[PDB]
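**Student:** Would you mind keeping the following structure in view while I ask a few things?
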Amino acid sequence: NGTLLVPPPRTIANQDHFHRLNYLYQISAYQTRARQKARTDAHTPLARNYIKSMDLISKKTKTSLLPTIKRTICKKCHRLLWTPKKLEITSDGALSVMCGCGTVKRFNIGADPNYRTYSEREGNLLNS
Amino acid sequence: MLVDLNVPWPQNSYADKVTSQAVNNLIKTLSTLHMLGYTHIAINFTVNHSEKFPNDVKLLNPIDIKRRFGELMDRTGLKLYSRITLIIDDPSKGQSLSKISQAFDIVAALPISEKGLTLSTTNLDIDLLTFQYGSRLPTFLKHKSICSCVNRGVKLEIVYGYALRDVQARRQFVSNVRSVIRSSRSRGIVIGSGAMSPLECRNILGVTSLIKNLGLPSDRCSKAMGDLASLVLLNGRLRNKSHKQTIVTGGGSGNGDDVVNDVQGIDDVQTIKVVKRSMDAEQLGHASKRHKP
Amino acid sequence: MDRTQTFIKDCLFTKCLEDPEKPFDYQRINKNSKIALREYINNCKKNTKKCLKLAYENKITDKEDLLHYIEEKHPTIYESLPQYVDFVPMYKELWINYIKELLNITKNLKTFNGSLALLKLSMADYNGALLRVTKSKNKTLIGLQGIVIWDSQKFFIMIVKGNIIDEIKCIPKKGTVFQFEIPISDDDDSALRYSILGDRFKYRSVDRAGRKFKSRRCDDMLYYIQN
Ligand SMILES: [Zn+2]
């Protein structure tokens, strides 16, 4: 089919950008969890901001993320869904996950099982 | 504060070796500039464009601030900077500014021709433009080109020590300097003493009188040594140590540590500056509410 | 009969007549994250002013007694107050460990490379940093340390504590010098201290991820030589 070339020289600028993205995601998640465990929604427009800036960096470097991150974050307001509104299933569709802002992220789960994403398949992925 | 940024080094080519008599003479003229009074000295070194630049890292600079001038500093109480004036006449194959610039502190130029003067102001990242005051001006200095170069950065530099060399050179010196002051619109004028000996040194009030008799005003002369002199030092000092005037490895203390003033407290090995734990995030609030410092 | 006609050339013509004359609830907040962030940083300042008023009404200078006083007598006012004691470990440890991982700062310090480290700091984000105003055009801005909650274009947002003050502090960047310490894991032997200037970069962090910074005229930096 073609040529099989596997390079492990990772580039320094891509490592800098992904460390920046991962640091923003970690600080937003830790703000959200440290606020959520203790008391009510104090600075929930704050951490979301980081995620939004994170996604804007994903516009600049043109990089892609795993569907775990994009499944965690929202699409319109770009907030973390670690505490969502409601989860409904088999309500004449497949699945529905409601949020506080009203934007839902649903999944076709009632069609068939054993469907995996392209990054979750057996051999398509090499860690580190 | 006073800056004298054109003291020459007694060497022109890398094949030549400086004798100890010239080094002792430079020690005596630095003691001379410390005797009456000055604040900053940036010693200059000359290379040509058609020479063979060495492919080294720690051998590009025969300046040695650490071993000999570090011993002179403790009895002196001043500082030295190392700088290069680029003698460029034709666009030849020689281009190694990424090493010669980052090795030294201030990058200057000495153009002789027409196109070189244009490509120096246009593309070459330097700090100062020095002209050959000993010889003739190349063709003409235009107003809008030099004005846009000053608005871009780089200022013009007048060497009042070159008139103290010979008798015939004074006429060409004044004929160059009046044209420089006229075409520069009195914005980018930095003055320096090109003396190879302590026997040609002057005081501030005599250099001010020289600048008066050349055609530039007096308040603008002292402003050129206070404002314009120490800013073009900081330009090259931030360009070569730090990023392109973006993020600096220099400690911002109250009145003792500065990128210009605290040279010895910065490790000049690569970049770094070893600073003790003066910032504690635990129990330090507003500055006026502290009690331990 | 003079050429300088004041009333004629401006007030009475048809071209300069336009010139002044010579005789003369939860969903609506988080629709935009920026506007909700603005409402939050306004609400924190208003709650800090109300906290100062209730602190003068309390007449107790201790802040640990003041927080319990607000918890006892003002429940709804206490809900929007910041917690700096919580803010320090949740930010400083992550920031220091991220810089120790990113800039390759390890136990071996003799293999360091400064230019690539400054390039990484030009590529790294400052969201969550402890930063100190060391020099400024204003004499009152200096001496302020604080941790970033958000990066703006030309201003800077930190938080600092006083005796009883817990106000969100906005500081201009045009004409200020900032510094931050990078500690090393050894105790009291060696540590690093870097500096930035907020007047030099005047863009968003989104643009800062892509922009390659170039030289400037740098004429307005005389204050850094002055003070
Ligand atoms: Zn949502």
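How things are named: the first chain in the structure tokens is A, the next is B, and so on; residues count from 1 in each chain; ligands count from 1 in the order shown.
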Could you please tell me, as a PyMOL selection string, which residues of chain C have an atom within 6 Å of chain A when using only C-alpha atoms?

**Tutor:** chain C and resi 27+33+36-37+124+206

**Student:** Could you pull the residues within 12 Å of residue 166 of chain B, counting only C-alpha atoms, minus those fewer than 5 positions along the same chain, as a VMD selection string?

**Tutor:** chain B and resid 133 to 134 161 171 to 173

**Student:** Okay, now the selection with N, CA, C and O atoms, as a compact mmCIF listing (two decimals), in the first residue's frame?

**Tutor:**
# COMPACT_ATOMS: atom_id res chain seq x y z
N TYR B 133 34.24 59.26 10.04
CA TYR B 133 34.45 60.70 10.10
C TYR B 133 35.86 61.07 9.65
O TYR B 133 36.13 62.23 9.31
N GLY B 134 36.77 60.10 9.65
CA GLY B 134 38.11 60.35 9.15
C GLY B 134 38.17 60.51 7.65
O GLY B 134 39.02 61.23 7.13
N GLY B 161 36.22 62.18 19.41
CA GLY B 161 37.62 61.90 19.66
C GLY B 161 38.43 61.76 18.39
O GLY B 161 39.66 61.81 18.44
N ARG B 171 38.54 69.22 9.48
CA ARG B 171 37.67 69.82 8.48
C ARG B 171 36.67 68.81 7.93
O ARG B 171 35.47 69.09 7.84
N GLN B 172 37.15 67.60 7.62
CA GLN B 172 36.27 66.53 7.16
C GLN B 172 35.33 66.07 8.26
O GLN B 172 34.17 65.75 8.00
N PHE B 173 35.81 66.08 9.52
CA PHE B 173 34.97 65.74 10.66
C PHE B 173 33.80 66.70 10.83
O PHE B 173 32.65 66.27 10.98

**Student:** Could you tell me which residues of chain B sit within 7 Å of chain C when counting only C-alpha atoms, and give me the result as a list in words?

**Tutor:**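 That gives the following set of residues: residues 151, 152, 153, 227, 231, 243, 244, 245, 246, 247, 248, 249, 250, 251, 252, 253, 270, 271, 273, 274, 275, 276, 277, 279, 285, 286 and 287 of chain B.
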
**Student:** List every residue of segment 28-185 of chain C that DSSP, applied to the backbone of this structure, places in alpha helix (DSSP H), and write the result as a ChimeraX atom specification.

**Tutor:** /C:28-29,33-58,63-73,75-78,84-102,114-123

**Student:** Looking only at the backbone, which of the residues in segment 50-193 of chain C does DSSP tag as strand (DSSP E or B), as JSON, numbers by chain?

**Tutor:** {"C": [130, 131, 132, 133, 134, 135, 136, 145, 146, 147, 150, 151, 155, 156, 157, 158, 159, 168, 169, 170, 171, 172, 176, 177, 178, 179, 180, 181, 182, 183, 191, 192, 193]}

**Student:** Have a look at A:84, A:11, A:6, A:33 and name the one nearest to ligand 1; count only C-alpha atoms and all ligand atoms.

**Tutor:** A:84

**Student:** Within 12 Å of residue 77 of chain B, counting only C-alpha atoms, which residues qualify if same-chain residues fewer than 4 places away don't, as a ChimeraX atom specification?

**Tutor:** /B:30-31,33-35,37-41,69-73,261-264

**Student:** Residues as selected, C-alpha atoms, written as a compact mmCIF listing (two decimals), in the first residue's frame, can you do that?

**Tutor:**
# COMPACT_ATOMS: atom_id res chain seq x y z
CA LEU B 30 39.61 53.49 32.28
CA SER B 31 41.14 54.87 35.48
CA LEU B 33 37.49 58.04 32.87
CA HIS B 34 36.84 57.01 36.48
CA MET B 35 38.99 59.86 37.86
CA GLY B 37 33.77 61.27 36.29
CA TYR B 38 31.67 58.95 34.09
CA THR B 39 29.09 56.23 34.67
CA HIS B 40 29.05 53.81 31.72
CA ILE B 41 31.74 52.63 29.30
CA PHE B 69 38.11 43.87 34.02
CA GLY B 70 36.44 41.93 36.82
CA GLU B 71 39.58 42.67 38.82
CA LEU B 72 39.56 46.29 37.64
CA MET B 73 35.87 46.64 38.61
CA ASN B 261 23.23 48.37 36.36
CA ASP B 262 23.57 44.81 37.72
CA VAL B 263 25.80 43.05 35.20
CA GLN B 264 27.92 41.12 37.72

**Student:** Quick one: distance from atom CA of residue 103 of chain C to atom CA of residue 242 of chain B in Å, one decimal?

**Tutor:** 15.5 Å

**Student:** Quick one: of C:38, C:31, C:202, C:100, who's nearest to ligand 1, counting only C-alpha atoms and all ligand atoms?

**Tutor:**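 Closest to ligand 1, using only C-alpha atoms and all ligand atoms: C:31.
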
**Student:** With a distance cut-off of 8 Å and only C-alpha atoms, select the neighbouring residues of residue 10 of chain C, excluding the residue or stretch itself and same-chain residues fewer than 3 positions from it, and output the selection as a PDB file with N, CA, C and O atoms, in the first residue's frame.

**Tutor:**
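Result file follows (out.pdb):
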ATOM      1  N   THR C   6     -13.208  84.869  12.269  1.00  0.00           N
ATOM      2  CA  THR C   6     -13.578  83.807  13.197  1.00  0.00           C
ATOM      3  C   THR C   6     -15.008  83.330  12.960  1.00  0.00           C
ATOM      4  O   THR C   6     -15.260  82.123  12.856  1.00  0.00           O
ATOM      5  N   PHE C   7     -15.955  84.265  12.863  1.00  0.00           N
ATOM      6  CA  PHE C   7     -17.363  83.898  12.731  1.00  0.00           C
ATOM      7  C   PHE C   7     -17.678  83.396  11.327  1.00  0.00           C
ATOM      8  O   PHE C   7     -18.600  82.596  11.133  1.00  0.00           O
ATOM      9  N   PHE C  13     -20.305  79.090   7.545  1.00  0.00           N
ATOM     10  CA  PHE C  13     -20.222  78.279   6.334  1.00  0.00           C
ATOM     11  C   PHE C  13     -21.098  77.037   6.432  1.00  0.00           C
ATOM     12  O   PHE C  13     -21.675  76.741   7.481  1.00  0.00           O
ATOM     13  N   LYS C  15     -19.844  73.970   5.432  1.00  0.00           N
ATOM     14  CA  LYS C  15     -18.983  72.810   5.638  1.00  0.00           C
ATOM     15  C   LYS C  15     -18.661  72.615   7.114  1.00  0.00           C
ATOM     16  O   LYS C  15     -18.605  71.479   7.598  1.00  0.00           O
ATOM     17  N   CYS C  16     -18.443  73.707   7.843  1.00  0.00           N
ATOM     18  CA  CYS C  16     -18.158  73.647   9.270  1.00  0.00           C
ATOM     19  C   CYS C  16     -19.365  73.999  10.129  1.00  0.00           C
ATOM     20  O   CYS C  16     -19.193  74.350  11.301  1.00  0.00           O
ATOM     21  N   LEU C  17     -20.577  73.919   9.576  1.00  0.00           N
ATOM     22  CA  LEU C  17     -21.776  74.170  10.371  1.00  0.00           C
ATOM     23  C   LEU C  17     -22.049  73.011  11.323  1.00  0.00           C
ATOM     24  O   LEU C  17     -22.657  73.194  12.385  1.00  0.00           O
ATOM     25  N   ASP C  19     -19.782  71.437  12.943  1.00  0.00           N
ATOM     26  CA  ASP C  19     -18.880  71.729  14.051  1.00  0.00           C
ATOM     27  C   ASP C  19     -19.598  72.607  15.074  1.00  0.00           C
ATOM     28  O   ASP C  19     -20.552  73.308  14.710  1.00  0.00           O
ATOM     29  N   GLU C  21     -20.570  75.791  17.214  1.00  0.00           N
ATOM     30  CA  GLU C  21     -20.541  77.170  16.743  1.00  0.00           C
ATOM     31  C   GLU C  21     -19.667  78.053  17.623  1.00  0.00           C
ATOM     32  O   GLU C  21     -19.477  77.781  18.811  1.00  0.00           O
ATOM     33  N   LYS C  22     -19.134  79.113  17.021  1.00  0.00           N
ATOM     34  CA  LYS C  22     -18.313  80.116  17.694  1.00  0.00           C
ATOM     35  C   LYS C  22     -19.037  80.932  18.773  1.00  0.00           C
ATOM     36  O   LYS C  22     -18.386  81.299  19.758  1.00  0.00           O
TER      37      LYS C  22
END

**Student:** One number please: atom CA of residue 72 of chain A to atom CA of residue 93 of chain A, in Å, one decimal.

**Tutor:**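 Going from atom CA of residue 72 of chain A over to atom CA of residue 93 of chain A covers 21.6 Å.
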
**Student:** For the atom pair atom CA of residue 87 of chain B and atom CA of residue 136 of chain B, what is the interatomic distance in Å to one decimal place?

**Tutor:**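 Rounded to one decimal, the two atoms are 14.9 Å apart.
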
**Student:** Given the choices A:106, A:10, A:86, A:75, which gets closest to ligand 1 if the distance is worked out from only C-alpha atoms and all ligand atoms?

**Tutor:**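 Ranked by minimum distance to ligand 1, first place goes to A:75.
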